[PDB]
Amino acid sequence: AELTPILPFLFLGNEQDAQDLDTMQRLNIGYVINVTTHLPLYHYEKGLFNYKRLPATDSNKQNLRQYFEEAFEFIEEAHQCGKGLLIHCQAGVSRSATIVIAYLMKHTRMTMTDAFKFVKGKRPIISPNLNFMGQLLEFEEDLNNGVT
């Protein structure tokens, strides 16, 4: 049950990783982003975590760029209060890895490929999907022609 730490307060996992409550609390995670339409918000009724759903499919037509800003705000909310945030989807982590990489590109000032190489080093099994990759490329330009 690996919850891959990407930053000290930002973790990435699949559907089975998000179900390990005892590891969540050990790592002081109080925020969860569920990047699926169909999975439950694990541990919702327990009243322990703040939740956000990005209702996205792992398809070639899914727009994830629309969710970047909303997701970055939830990450910084956890960061500013000293709590960890878990972002997960399913096996292959295609959706959640895209959002994690996008965050690193904006607030770590890495390039698209540098962020991808950084994440792959920590979670070696990332399933590819060219549609999300193209959205990250467009995202890189919007960054390079803006502030921070």
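From 1 onward, residues are counted along the sequence shown.
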query: Per the entry, higher mean C-alpha B factor between 106-114 and 89-97; finding: 106-114
query: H79 - Cα temperature factor, lowest/middle/highest third of chain; finding: middle
query: Lowest, middle or highest third - CA B-factor, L64; finding: middle
query: Record-listed C-alpha B factor of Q19: chain third; finding: highest
query: Lowest, middle or highest third - CA B-factor, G13; finding: middle
query: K46 - which third its CA temperature factor falls in, relative to the rest of the chain; finding: highest
